[PDB]
Amino acid sequence: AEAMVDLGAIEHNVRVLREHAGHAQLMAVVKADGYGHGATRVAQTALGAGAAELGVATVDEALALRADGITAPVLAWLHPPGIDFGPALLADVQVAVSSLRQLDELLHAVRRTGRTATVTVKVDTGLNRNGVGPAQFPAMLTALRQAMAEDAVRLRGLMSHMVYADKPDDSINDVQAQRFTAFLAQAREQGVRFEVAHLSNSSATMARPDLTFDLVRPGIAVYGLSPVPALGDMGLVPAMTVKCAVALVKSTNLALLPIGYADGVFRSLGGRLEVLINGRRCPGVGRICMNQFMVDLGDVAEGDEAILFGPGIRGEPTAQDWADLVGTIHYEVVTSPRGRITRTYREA
Amino acid sequence: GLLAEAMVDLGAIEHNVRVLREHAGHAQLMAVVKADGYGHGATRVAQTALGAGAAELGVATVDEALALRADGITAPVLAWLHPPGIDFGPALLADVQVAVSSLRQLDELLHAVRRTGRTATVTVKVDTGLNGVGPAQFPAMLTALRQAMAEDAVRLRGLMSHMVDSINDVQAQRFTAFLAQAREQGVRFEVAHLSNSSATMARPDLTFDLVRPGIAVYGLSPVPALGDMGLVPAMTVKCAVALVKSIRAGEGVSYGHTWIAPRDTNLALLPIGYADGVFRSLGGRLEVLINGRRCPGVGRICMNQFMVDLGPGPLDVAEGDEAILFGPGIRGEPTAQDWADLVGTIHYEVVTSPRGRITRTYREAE
């Protein structure tokens, strides 16, 4: 079994996203090991296709990209209490801070390493998770101005998280942008200029160009998965195809597929999913086991290829179809395949 | 792993193996460590189970068996799921026992015996109602094994089947018929085994020479309706609290704002999500244990984080404090079975889920 990532599709999706972003620079989001597609290979491909920067949640993710030889800018924005920012600084990793405590921790690491931090501030425009709130932003701006005066930080970015990953027309997107503009006015009042400001995820990138600031941060759309499923594929091509070989044929006629829920085939797909074998759809029957399940063939031989999901070009189910059956989202579908499902690549 | 961990208590594994050996009576135990030890770590659990009296190990694939061998495991290892056209040579050269479930597979194994010159320690997997050799094909299987055994191409170690209520008695009766058909055709196996964890613990009258528990080794109940059956779940999934914050009544939480605070309250941010194995459908249903108190999840589970409600009572949580998502339940935390109930699955799938930011760690047995 394998989870075949078509880097040609990644490259195509990156090119589509850049058309929508217009003059804005694109930050390809490759957290969670490239949403299960492989952070390093997707990153290399996106940068080749015109992405300017990479975005990840954790410094650990950023250090992994650096260790694989990535030299492009990388921004990390989720830091657990206790983190040592020193390794990030020595590896030229940009850090988004979301509290004065995080800033103070970063500054101690700047003095320790002797390395000026390229810093972004993450503010709360409505998600209400971890961004700096409006009342705390002035104090943060003052501390940043002081630190920048002593050449301890370079003030690169202002960023915020969108509330809706898939609801572009909701006026909360417009509200969050108005709130973001207000934060920028607060900075002006404190004599601070950020190099760039960014709020857009994939949904906002493709559908709200009127809310684009200096950079866009698409993730899901890089992998070809529609950020607004009710609109169809949005001209993207899902990059991941999950397939496995028929391990046994047994008589109707059934095929044994040797992957199961420990490999990420959601157990709740039992008796509901279909797979594509030699052009035809074959429904799963019976439970998904830990490492195998059966499908009903109703012209198939041991070793033949069964496709569980993909872009849909050959009539195979899509990750969205799995999301529909399971009651989830394709984000969770593509971060599931593992174990016996080996990640592979189709070169572009 | 500082951020989050799936901590496996090897003292619990030892206790569970001891319990299983008690139930197995005179029979020996094959501890089943397929799927990287049901998410607990095949090698570490294998080492601990053998040290607690397990006689042998069971896995699905030869690849799993080779991984144990490469980590220095020398005990017997049996593999029973093989892709068509497998070259059994490496298994024979690594002293991996092979269970065959078809005549075609036996032919593949006997070819590998001819190519390598290594006798195979063979087990036949028969179909008692569940793959497997069927009654129709078994007479031809026995004639061939008698032939291979006479030239010492194989050592005839095992006869096995897998259990799929009187249906249990029916499979056992079919299994005994296989043993009789082999005995009357003069083909003797060293050992016969039918029993998984459920049979081992609940149907001792159906114990043959060996039992093959998996799930109960990890302390998870093989008959959940009967309770913990004296076993202790070995996996505890826990994470450090990354942020504590206050919110006002009326404020939304997490992507989509699917939860609106009915009152001013305090929340904690736990930095693991569905890409780490926290099923997204647990959103708004699961509870965590923090400093002895249950805290419900609020809002959607995100890719790598979610939020829990600490309540508006005096704050008793700090950043860096420990949140327990599930465990054996000794401290009042949820169990893997609780998760299985909430999302409509089985604990087998729960414990094979944690990954990503959830680092597997080990507590040594005292």
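All chain B residue numbers match Swiss-Prot; in order, they span 9-138, 141-174, 181-382.
Including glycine, each Cβ sits where the backbone N, Cα and C put it.
Sequence-distant neighbours of B:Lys42 (active site, proton acceptor) (same chain, six or more apart, CB under 8 Å from its CB) are B:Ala50, B:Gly66, B:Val67, B:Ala68, B:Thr69, B:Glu72, B:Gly230, listed in sequence order. The active site, proton acceptor annotation in Swiss-Prot covers B:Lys42 (among others) and is backed by sequence analysis.
Look at B:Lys42 (active site, proton acceptor): DSSP puts it in a helix. What Swiss-Prot records for B:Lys42 is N6-(pyridoxal phosphate)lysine, and it gives experimental evidence as the kind of evidence.
Residues or ranges marked as active site, proton acceptor by Swiss-Prot: B:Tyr271 (among others). In the shown protein chains, 24 other C-beta atoms lie within 10 A of the C-beta of B:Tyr271 (active site, proton acceptor).
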Length in angstrom of the chain break flanked by B:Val174 and B:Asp181 (6 residues not modelled, CA to CA): 11
Endpoint distance, Cα to Cα in Å, for the 2-residue gap that opens after B:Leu138 and closes at B:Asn141: 7
